[PDB]
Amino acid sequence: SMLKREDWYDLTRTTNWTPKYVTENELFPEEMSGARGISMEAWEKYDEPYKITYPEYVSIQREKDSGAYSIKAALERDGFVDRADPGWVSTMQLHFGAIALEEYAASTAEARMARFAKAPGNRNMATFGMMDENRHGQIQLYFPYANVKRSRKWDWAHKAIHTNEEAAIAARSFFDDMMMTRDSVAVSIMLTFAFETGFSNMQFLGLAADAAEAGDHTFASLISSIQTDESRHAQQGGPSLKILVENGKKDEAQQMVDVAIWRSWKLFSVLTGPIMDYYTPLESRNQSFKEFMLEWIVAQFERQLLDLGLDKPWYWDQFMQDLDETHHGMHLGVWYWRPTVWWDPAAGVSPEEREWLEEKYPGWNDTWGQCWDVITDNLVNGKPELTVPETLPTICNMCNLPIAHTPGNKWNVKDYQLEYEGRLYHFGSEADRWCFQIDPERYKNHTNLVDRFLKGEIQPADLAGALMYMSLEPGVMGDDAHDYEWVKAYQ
């Protein structure tokens, strides 16, 4: 006979001891633990809601991988990739590039909590979390690798984050901030609570439905499996948060959460937004990226927060508005700047798509509709050089994304400039600026793509030179996903 789990679980996490031969602060340096003056004993109240133990873990996760890999091998010879709508293929190539090595780097993020958290429950959970992100990175390399002979773009599942291409910087800007450069307690909150619970759990679900809808079962199974691992380690922020409030640090708690959501929001607005509203086929779309947000992301935040004893962030209202406007910005950026990304952006402004865009976001053609009109005339009329660019957009120094908002009729493109020690920074939104301002030393020193150009770091200082600085090359340089098929409809 075996014991029932409940009977022994606590001894797995009864692991704290009073050091003597070194001191608490030596063993738990504040820069890595972030114990915040709260005591060892008071972190021992840390109690995770979802519990697992070594033998269960290795047993379950063996199954998950047998499934996934068996399916991959089963479908391989049918080469579905070869026929998929290239809106899809692109969706995928962007995902692997931006995410695979960040998943990997997440294991280190977890590794951090695993060594430096004063909460023993947290330490062990983090070890599994660590194993989870090891899987994710590994599997999300093994899968794209199936496709390397199909196109060089797939090599980017690996290269992307080893480059200075705009997206890689935006990516590393976000992850390094949330999960690589923060103390243990900070990480639990800014990564597992804010980002993983906040966003990627529901995104991964949505992505898996989309994959299925599109007929890529290999990919549907992939995302779907990974998703099953999320809560096991995503849980880790909750208990941390409780302990901080219960213990008179509601403000610091509050602040990291504010920062965490905004930065996560901005990355999300360029990686998921444009896919939902432009790369997915018109018939395959269940809802708008805005409908998806409200329903599946935003209520959940208020739910989560009220329950923790926190308040909605100061910017919440703006956020609500920006749902109508940001991602259309983000999308227009990427498409217009397409030879500088590693997949083929789908334009998504065929007529039918255009009225869908109007239904979901009333006021669209009279704003975002304009710019696209001009682009369209340009390809109608045989002058398509006026739909690639000849300069660089202003990059926000926080999110490392283009500063952009609504234009046309209600044009309202704003820039939240700030001067700080005889240098001028540019901020794509109020919230981005405020992030820098509350923690200036964390960012001061850093330079985004435009700064580097402006400083002579990119040589030759023309567009072809920026292309080599970003490791891009013909064959990976992005063009219109449908080869201007949607053009014929205006003529």
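The first residue of the shown sequence is 1; numbering continues from there.
Mean CA temperature factor is higher for 473 to 481 when stretches 14 to 22 and 473 to 481 are set side by side in the entry.
Stretches 264 to 272 and 94 to 102 differ in mean C-alpha B factor, with the higher average recorded for 264 to 272. Per the deposited record, 284 carries the highest C-alpha B-factor of all listed residues (107, 228, 236, 284). Take 82, 177, 344, 165 and read off each C-alpha B-factor from the entry; 82 has the highest. Compared with the other modelled residues of the chain, the Cα B-factor recorded for residue 295 ranks in the highest third.
Sort the modelled residues of the chain by CA B factor and residue 289 lands in the highest third. Among all modelled residues in its chain, residue 116 ranks in the lowest third by Cα B-factor.
When the CA B factors of the chain's modelled residues are split into thirds, the value for residue 132 lands in the lowest one. Residue 173: CA B factor lies in the lowest third for its chain, per the PDB record.
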